[PDB]
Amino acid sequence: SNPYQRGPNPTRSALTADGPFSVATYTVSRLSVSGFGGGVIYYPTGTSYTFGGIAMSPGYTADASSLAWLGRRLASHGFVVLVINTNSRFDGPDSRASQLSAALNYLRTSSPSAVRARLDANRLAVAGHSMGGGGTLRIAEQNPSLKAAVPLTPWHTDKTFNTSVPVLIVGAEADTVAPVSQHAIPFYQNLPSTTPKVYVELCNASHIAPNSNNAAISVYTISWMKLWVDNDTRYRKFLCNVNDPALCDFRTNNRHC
């Protein structure tokens, strides 16, 4: 059952480190693509399977290298992951949405053949840090064919996204760039009631928490991607009956359980 299932039955411990797939990397040069600033593709190798794809945006003033750990982490668990650079480091969230959109098209149609050979372009998702997370929400509303969206410490001046795409938001309790009371939490609250949604808040974390190896970010991001991109219900257990000392808030409409 479940043609999209990949990898062994997950343990929490396994979700805090790189997963069972070898990872190859491909540099998309800034100049080779119109529509976004290039970036890095992390993707499985040594395997004949195909996997869902993820496009991921860094945050305000940041480089793709800021999320290299997470692009590798996700790919190692069985995903083709393009972390973009933006046209300008100063691009705001809706610009970043457009670039995510361009990056998804690139992955499906123009990436190298070794990358295309590993991708099932019918199963795509988005993620992003900060302002890139605001772009993640925007694109999830503009393009409901996406399977999942994971905004990390998100920032956006618009607070309401009417998307049917399953959303997991990571807030940081001590975030002073994108305070959870103005940003992360309104975003969660204002999503449709009928959309599967989860909000997790990291205790004692700032806005820069996504920029380095983080166990909670790893577990929840992998789990939400597996659950919806792969329909992999083996990951429901990390997202249901949650009791996690790493978190200082948790909210869900429990449609995913």
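The numbering used is simple: start at 1 and walk along the sequence shown.
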item: Of 236-244 and 19-27, the stretch whose C-alpha atoms average the higher B-factor in the entry; value: 236-244
item: Entry-level comparison of average CA B-factors, 205-213 and 37-45, reporting the higher stretch; value: 205-213
item: Per the PDB entry, maximal CA B factor within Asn143, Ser95, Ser130, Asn85; value: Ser130
item: Out of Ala172, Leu137, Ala102, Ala75, highest CA B-factor residue; value: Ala172
item: Ranked against its chain, the third holding the CA B-factor of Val177; value: highest
item: Record-listed C-alpha B factor of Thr50: chain third; value: lowest
item: Chain thirds of CA B-factor: placement of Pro151; value: lowest
item: Where the record places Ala64 (Cα B-factor, split into thirds across the chain); value: highest
item: Modelled-residue ranking by C-alpha temperature factor, third containing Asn122; value: lowest
